[PDB]
């Protein structure tokens, strides 16, 4: 039994009426449940048995369908609602989820303003160097960061961190930390940071000659 | 219910007849059990109910007593037997042990031959310096190691490692590792290592002027 | 031959929880009362707990009564314990009884490092020295190697909120935390104003302000 | 209000085991079938397991069938799971059912760093180069930051066993291992014996010889 949700990222505004489709690989009658999750919280059960509303959840939501085709409907989007939505086929003893549907505040394709910082020397002093790379106020969320030290492509020594839609511009901001010791850092001269994104017509690079 | 063993360190030779006393703070009838443990192995049940021998354990052992006084007896010590011995009051639902009795191969008071190594520069190169301190071939086991960098008394940045009675001289050897970064190490000139022991009439120090 | 085996041990921090489990071989624990025991660095041994047949009982030692919890699985045959500097020990799952009415596991290492809390280090991500034109520059405060969460980052103490993006903390392969806190302001106000990041760490009671001025 | 809560999470290494436990509030799990669920970095959710009422059943997902094991305590109300890079997730203990015949915990973080093995670093604990007279000197090979045990230490490959003391490995507050391997030989053979320490690390297939010598 395979559930698949569409779309992967649904964009809409405040007050909108939107909908998500979930589809089972086989006939699942009306055994399907819906879940709101906000990042880091527990997910929250909204809808069960294809169309029975869980008590405690506002009227502006509604589900439907049967067989292999289902459909959830938020009617009138609120800020309280910008989150991710999970479909569930819950059986007697096992279950299976879709890949989820993230609902964001739609805005215009704005590319990442790419900056690069080097490691200071109150930290280059202690035995480490932390090479940072910031993607300021971009949309949509998909963005690719690929480190380049003396022009070799790095892999797995960089860690990321994406903000949520800034409360003002609905843009995202990303942060990609390249950790090295103070001894694999002072081995190579150039430190290149290369950003690919929907608003750039090409990959944006930002580097520094050590010292 | 408090169990207390005596002595804490029983010294004896090969073929000896020795004995350990365990004492309950209150009358425990004959509900008491004895345990051999070898370092890192599972401990092993020898004797139960003050004097009933566990099947699988050789004749040369025997227990006794009742009330609050008990006594175990190995008769004819073998090399297979140099280890640690636990007394247990096992109840219906709870239990209590003594603090154990370690049985070593007795020899003469030989003090620790104290050496000190500095950190090399194939490692002083990478961002760390490991300052070592060895107590070569000493007895008995009790020995005190207290680091002194530019003469301040260190505490909790030193890790130790004690060998078992070397198969030849029944002496112990100790190893006490002082881990610092390559940035708190090159801050201080002198690195003092100070050993207190039963065969030294006073505390033995071994240091190095950095570089 | 009769066997037991322990799994779930490693490095815990102070106050910590970590869970231990006991699998056995060739026997059925159902009719047993099982017991966990720890050996302390003193070499001395320590019954931590005991759970009865049918789980009619669970008895704890006093230095652990309330942070700890044993449970038994009479069907797949597993026993468990839920969870201080002094808790540092090798933990042995044990079965009481006799050949008539004694059997031990190899033990697993459990250590608890002393610090419940570690303040964070504040370093200045200096603006880009290429700067000019009357353009955008970006600066910041890289808040590294704290635990536990949280780390609130506020700028100049409540007055520069615009264009600020306090990034999500990341768990290093070290286990300590790490958050980047950035702000877009004019490449033209890099010199007059000054930028002060107030990283307040409530768990370790640590407050480190850190000036963000150029290289 | 109905509650559940997870405990036992942190940093695991590849192949690893770690155990999770589920405490609840205000309800009785006995008549429930409970389920653990993990969320992947893809944001997508993943049922890991389910244990039925009376434990009549334990159903696992396929990518975890055999490394994992769930158990329930219908008396003190606790559920548990025994235990790959891909296992990295936030794990949620869950209760299936309804108000007629739905309730979740906050989750705990579980990550599995990719390396099962890490070779050891071999550095020379030098005697001295000023040496001479006719006394004892001591040298060695400090074998640092490996895992897992073991680390067999040899000297010259099988021929200098006399006066050799390979110290027990110690678990750094980092979790990587560390053993000192020393040998007493003449202060007079420091110049001609050369001293070669063969540190063979069988888990990571690492063999590093290292020359021990006076700086």
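Every residue, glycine among them, receives a Cβ derived from its backbone with ideal geometry; neighbour counts consider all protein chains shown. Just so you know, all these numbers are worked out from the coordinates, no wet-lab data involved.
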query = Are any of the residues in the range B:136-154 surrounded by 20 or more Cβ atoms within 10 Å (Cβ to Cβ) and within 7 Å of another protein chain (Cβ to nearest Cβ)?
reply = yes
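Out of the residues in the range D:151-182 that are outside any loop (DSSP other than H, G, I, E, B) and more than 10 Å from every other protein chain (Cβ to nearest Cβ), state the one that is farthest from residue C:113 (Cα to Cα).
Of all residues in the range D:151-182, those outside any loop (DSSP other than H, G, I, E, B) come to D:152, D:155, D:164-166, D:177-182.
Now restrict to residues that are more than 10 Å from every other protein chain (Cβ to nearest Cβ): D:152, D:155, D:177.
Working: D:152: 28, D:155: 34, D:177: 16 Å.
Within the range D:151-182, the match that is farthest from residue C:113 (Cα to Cα) is D:155.
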query = For the range D:46-72, how many residues are within 11 Å of chain A (Cβ to nearest Cβ), in contact with a helix residue (DSSP H, G or I) (Cβ under 7 Å, 6 or more places away or on another chain) and buried (at least 17 other Cβ atoms within 10 Å of the Cβ)?
reply = 1
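Can you say whether residue A:59 is surrounded by fewer than 16 Cβ atoms within 10 Å (Cβ to Cβ) and farther than 19 Å from residue D:43 by Cβ, as far as the supplied structure shows?
On the way: surrounded by fewer than 16 Cβ atoms within 10 Å (Cβ to Cβ): yes; farther than 19 Å from residue D:43 by Cβ: yes.
Yes: the conditions hold for residue A:59.
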query = For the range B:117-126, what are the residues that are in contact with a strand residue (DSSP E or B) (Cβ under 6 Å, 6 or more places away or on another chain) and crowded, with 19+ Cβ neighbours inside 10 Å?
reply = B:119
message = Would you confirm whether or not the range A:72-90 contains a residue that is over 21 Å from the mean Cα position of the chain (by Cα), crowded, with 16+ Cβ neighbours inside 10 Å and under 24 Å from residue D:93 (Cα atoms)?
response = yes
task = Tell me, yes or no, whether the range B:2-22 has at least one residue that is part of a strand (DSSP E or B) and more than 24 Å from the chain's Cα centre (by Cα).
result = no
query = So, of the residues in the range C:17-37 that are buried (at least 18 other Cβ atoms within 10 Å of the Cβ) and touching a helix residue (DSSP H, G or I) at 6+ places or on another chain (Cβ under 8 Å), which turns out to be nearest to the other protein chains (Cβ to nearest Cβ)?
reply = C:33
note = residue B:129: passes all of (1) within 14 Å of chain A (Cβ to nearest Cβ); (2) surrounded by fewer than 19 Cβ atoms within 10 Å (Cβ to Cβ) but (2)
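Please determine, by comparing only the residues of the range A:169-183 that are in a loop (DSSP other than H, G, I, E, B) and surrounded by fewer than 19 Cβ atoms within 10 Å (Cβ to Cβ), which one is nearest to the other protein chains (Cβ to nearest Cβ).
Filtering the range A:169-183 down to residues in a loop (DSSP other than H, G, I, E, B) leaves A:169-171, A:176, A:182-183.
Those still in the list that are surrounded by fewer than 19 Cβ atoms within 10 Å (Cβ to Cβ) too: A:169, A:183.
Numbers: A:169: 9, A:183: 5 Å.
The residue in question is A:183.
Please count how many residues of the range C:183-212 are surrounded by 15 or more Cβ atoms within 10 Å (Cβ to Cβ) and in a strand (DSSP E or B).
Result for the range C:183-212: 14.
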inquiry  = Tell me whether the range A:51-68 contains one or more residues that are facing another protein chain (nearest Cβ under 9 Å) and closer than 21 Å to residue D:34 by Cβ.
reply    = yes
query = Looking at (1) more than 14 Å from chain A (Cβ to nearest Cβ); (2) surrounded by fewer than 16 Cβ atoms within 10 Å (Cβ to Cβ), which is the one condition that is false for residue B:166?
reply = (2)
inquiry  = For the structure I just gave you, tell me whether residue D:11 is closer than 30 Å to residue D:176 by Cα, surrounded by 21 or more Cβ atoms within 10 Å (Cβ to Cβ) and at the interface with chain C (Cβ under 10 Å from one of its Cβ atoms).
reply    = no
Residue D:75 vs. criteria at the interface with another protein chain (Cβ under 7 Å from one of its Cβ atoms) and more than 29 Å from the chain's Cα centre (by Cα) = yes
ask   = Name the residues in the range D:96-117 that are at the interface with another protein chain (Cβ under 10 Å from one of its Cβ atoms) and within 24 Å of residue D:149 (Cβ to Cβ), would you?
value = D:111, D:113, D:114, D:115
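If the requirement is being surrounded by 17 or more Cβ atoms within 10 Å (Cβ to Cβ), within 23 Å of the chain's Cα centre (by Cα) and closer than 21 Å to residue A:168 by Cβ, which of these qualifies: C:121, C:180, C:154?
Values: C:121 fails: closer than 21 Å to residue A:168 by Cβ; C:154 fails: within 23 Å of the chain's Cα centre (by Cα).
Residue meeting the stated conditions: C:180.
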request  = Could you check, for the range C:129-143, whether at least one of its residues is more than 24 Å from residue C:193 (Cβ to Cβ), within 31 Å of the chain's Cα centre (by Cα) and more than 7 Å from every other protein chain (Cβ to nearest Cβ)?
outcome  = no
ask   = Limited to the range B:165-211, what total is found for residues that are more than 27 Å from the chain's Cα centre (by Cα) and more than 23 Å from residue D:128 (Cβ to Cβ)?
value = 4
